[PDB]
Structures are given as C-alpha cells and as structure tokens.
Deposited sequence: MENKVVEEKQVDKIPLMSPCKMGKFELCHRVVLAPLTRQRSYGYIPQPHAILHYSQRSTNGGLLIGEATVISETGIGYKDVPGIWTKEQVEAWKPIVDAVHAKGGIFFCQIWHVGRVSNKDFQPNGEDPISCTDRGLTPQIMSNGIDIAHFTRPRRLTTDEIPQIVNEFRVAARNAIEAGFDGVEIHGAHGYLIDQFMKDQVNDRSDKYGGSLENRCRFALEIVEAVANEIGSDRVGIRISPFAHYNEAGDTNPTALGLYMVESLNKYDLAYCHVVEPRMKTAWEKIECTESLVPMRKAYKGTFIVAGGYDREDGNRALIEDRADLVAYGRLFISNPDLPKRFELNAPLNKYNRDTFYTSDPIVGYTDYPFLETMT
C-alpha cells in the first residue's frame, strides 16, 4: 500500500485524540451574508472533515464593534448561534474536531461597519492608511479608532468570554482566540501600535495583559482544555509590527504555560524562528504559513510543531489529508475567489481525487 508519514501520525491535543496532524487553518471567506453563517458553509466544512482531524473555522466576530469586513460570520446573537449548529454537526458527523476562532478587528475597521457610525475601538487613536482590497480594484479606507479607557477594557475582555460560551452553545469542541494579524488583541501586544501609559501599555508585560486577561476569562468560562490561541509575533499585517518579535513571542508562550491550554498556534514569519517558542512552550504547538507536504513532514520530524495548519491548499483540496497520505497531486488554488461572495464558485467546487 503506502508508507506512513509524519503528517498522518496520531496525536493527543488537550482533551482530544487526533488521528493525524494536518489542520485546517482559520480562513475568512466572506460568504456569510448578514454576518450570519450559511447553508453553503455546511458543505464546505463537511467536504473537509475527517475522523479525528482538527478544523479551525474562519474568524468569527464577537460583537458589533468587531466588524471590519462584509459577510464574515458573527457569534453574538441567538440567530448566529443557531446558524452555526448545522455546520458544527456536519463536521462532527465525519468525526472532526471543530474549534471556533473568535475575533475582534479593533482598529481594522470603518465607521460604516460600526453601530451608529461610531468609531472603531483600539489601544490607540491612530488609524490605518488605505489598503488595496483583494481584487486590486478597490481601496479600503479606515476610520481612526478611539483609544479605549483603562476601566472600559474589561468589558471588551468580557465579549470574548460570552463569544466563547456561545460557541460552546453552538456545539464547537473549543475556541481559538484570534490574537494575530494586527487585530484588537495583536494591536495591544505590538509596540508599534500600543502607545498606552496605563497598565495595558509600555512594558512587554503590560502589552500582553489584555491577551492574557482574555485567555483567563475564556479558559475559566469554558475550560482551558477547550481553548487555543493564535499569535503572529513576527507578522506586520495592518501596520502591527513589534521592535522585538522574538522576546514578544517568548514572553507570550511562557506566560501561556500556566493556563494548561489545548494548544498554541503560531504563524511562521514570512533571524526569526518559532523554534525558541516551541521550546519554551510546554503544550501542543501548531504552526502555519507557507507549508506543503514536504515542509509539513519535516517540521514534525525535526520537532518544530505537533500540528501543521494549512490554508490555501486546504481551500483548493477538500481532501488535503488524503492527498498527503497518498502523496497525490494537488488542485491549484485560485486566489481570485478566496474572498468573492459566491456560495459555490471557489468555495465548494474544488474536486476530490
């Protein structure tokens, strides 16, 4: 038959027994009209579910103030919680383990997305400069955010708490805290953004307090063994760079050891390495960013991660695990339909072997 490979090796993560190490990375596909999950997602996540395979759903918005893009799903209303259920059940029907990624864009937004035209919230009052959207035809503008006050922050921390609870109500096996790519949590961590003079700014310790308070609220709420967190210390997305990525990364992983989480998901830098973080972190380490079958196997073998998440390739190959397991050809992915809004085209029309 076929020789076993590292990527197909079983794994015990948190309270779960995974059958392989190919993880579906969190992917924003903007096909959730009205911020409500849709029927087509049922088929999407179902095509990608395998027994004991881990799936991390697209970034899900925690509150009205956390919206920065059209058609991204939310999880703060009963209507949204009910819409997720059939999707969750379809993943479970094939034996997959599903984590809901909870998110808040912070300053990466515009007043037109905000309730009452309010300004976006962030750790700073500095806004982003315009960016070109995915289609290379439209320019995205951002409103300057308002700098949250010290005693207002705990309420925001609470929003992640409720979201986490709601995901559990929807049936998710757990939640991944979105602490990467320049969004609210990352905005607080990165020194090029956090210009605060209170206990949530300045030192590396204060800048991580927000994220850590969030990890604490969520773990207490749903149990730490049902909680993961994603970070990208080295990423510069949305003008969120840090002058010492390595220490920032080491600080976070070391600080996360006391929480007994289900896992730490770190994004590879696009020198800088995740090795140190992997070494300092005592739990399950998930890595992502530019992997293929070869690099995946090598990362597992060289002890660089316990799980490897795939994004783009999982978009175009519904059966990525199977293809790696047979070292079969892979469908090419079309970035033109990554963020387009059709219910089928570029979302579920990618073929199986």
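Missing C-alpha coordinates mark the following deposited-sequence intervals, in order: 1 to 9, 280 to 289, 373 to 376.
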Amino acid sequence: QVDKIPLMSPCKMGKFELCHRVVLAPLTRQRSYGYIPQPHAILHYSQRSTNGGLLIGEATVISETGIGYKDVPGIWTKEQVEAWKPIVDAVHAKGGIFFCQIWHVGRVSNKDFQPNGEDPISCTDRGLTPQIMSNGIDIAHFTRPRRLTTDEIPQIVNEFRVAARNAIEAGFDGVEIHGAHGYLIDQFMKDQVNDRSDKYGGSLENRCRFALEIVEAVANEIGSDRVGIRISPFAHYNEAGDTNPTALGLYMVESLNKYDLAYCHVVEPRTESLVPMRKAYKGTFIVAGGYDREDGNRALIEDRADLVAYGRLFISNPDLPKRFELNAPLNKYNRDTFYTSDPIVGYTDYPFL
From here on, numbers count along this sequence of modelled residues.
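The mean C-alpha temperature factor is higher for 132 to 140 when 132 to 140 and 92 to 100 are set side by side.
Averaged over Cα atoms, the B-factor as recorded in the entry is higher for 322 to 330 than for the other of 38 to 46 and 322 to 330.
Highest CA B-factor among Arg107, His265, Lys78, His178, as stated in the entry: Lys78. Of all the options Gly201, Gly174, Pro120, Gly74, the entry's greatest CA B-factor is assigned to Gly201.
In the deposited entry, the Cα temperature factor of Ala299 sits in the middle third of values across the chain's modelled residues. Per the PDB record, residue ranking by Cα B-factor puts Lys279 in the highest third of the chain. In this PDB entry, the Cα temperature factor of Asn194 sits in the middle third of its chain's modelled residues.
When the modelled residues of the chain are ordered by C-alpha B-factor, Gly228 sits in the lowest third. Per the PDB record, residue ranking by Cα B-factor puts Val22 in the lowest third of the chain.
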